[PDB]
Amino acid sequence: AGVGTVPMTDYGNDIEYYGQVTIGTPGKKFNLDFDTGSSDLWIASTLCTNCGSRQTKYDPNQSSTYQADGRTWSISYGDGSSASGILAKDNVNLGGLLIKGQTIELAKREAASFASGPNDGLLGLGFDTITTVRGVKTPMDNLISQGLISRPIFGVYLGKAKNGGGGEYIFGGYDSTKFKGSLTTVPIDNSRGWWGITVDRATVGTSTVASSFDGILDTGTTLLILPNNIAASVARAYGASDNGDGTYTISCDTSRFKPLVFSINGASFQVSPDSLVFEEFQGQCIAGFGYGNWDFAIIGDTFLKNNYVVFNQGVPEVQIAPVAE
């Protein structure tokens, strides 16, 4: 693949996307979940006492460039998952770009959800204002300062399992074969450390199901999570029923559904009908949108797998366009 290009693997029915990253010298390959919703780079290690036997574990002893650090870390994600351990320093190879002296976080303990998952850790692509440890420079911070990328951006393509899956991240550039038409520039609000944007409105057919609302672009979240009222309004348009746990049950037949359209900075972006259904279990289909008790929306994979996004940490801003398919 090209310089700074990282092929992604689509896990299950568009649950998450992970890519291989080489850490250490000579180094091992790890499957990391690329998450724009957080900013810590942590991986399972041989110091871990409750990690999965299937996870590839970082071994300090097998890396000649490992450097001990006396600090500890602990993180707790929204979905209730967590992990903790100690900090360390080593080289990270991202798509051919060798980041020297990156602060990495070795897990000593991790939630069962991670132990049973498909990834060896997470690669945080959020802003450095939310690293769990103060003073830690993120991979993007280092790619920039070490001159590994000329433009402070990364292009993101997330494929759909129904089309063969896959996906691709390009650090320092983007791929126009992955989207159609012109890219639309959207200003970013990073006041909370996330990639926040404002959606002008959401419509289904001729019905305006929601007025302007804020949200964060999160590659690390499967669904499109909307604030209570907005979610209920969307649900009513499709006839979905509340499962009481933050998810909705929807008709498995999406052939009659109109797309959920978001108006952002003057352009239309949608969640195609097929994406309105996330998973089907024993004849029951769970919707691609859900609800949380937040004032803002978490714009996850349901939306991102339908729209190519160029993240620009420098401005900051994003450029969006419908995926080519």
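Residue numbers here begin at 1 and follow the sequence given.
Averaged over their C-alpha atoms, the temperature factors of 83 to 91 and 113 to 121 are higher for 113 to 121. When the C-alpha B-factors of 152 to 160 and 244 to 252 are averaged, 244 to 252 comes out higher. The residue among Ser207, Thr177, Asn190, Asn229 whose C-alpha carries the highest B-factor in the deposited model is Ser207. For the set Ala1, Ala321, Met8, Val318, the PDB entry puts the maximum C-alpha B factor at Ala1. Among the modelled residues of its chain, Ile170 has a C-alpha B-factor that falls in the lowest third according to the deposited record. In this PDB entry, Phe30 carries a Cα temperature factor that places it within the middle third of its chain's modelled residues. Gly37: CA B factor lies in the lowest third for its chain, per the PDB record. Sort the chain's modelled residues by C-alpha temperature factor and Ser272 lands in the middle third, per the entry. Ranked by Cα temperature factor within the chain, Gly96 sits in the middle third according to the deposited record.
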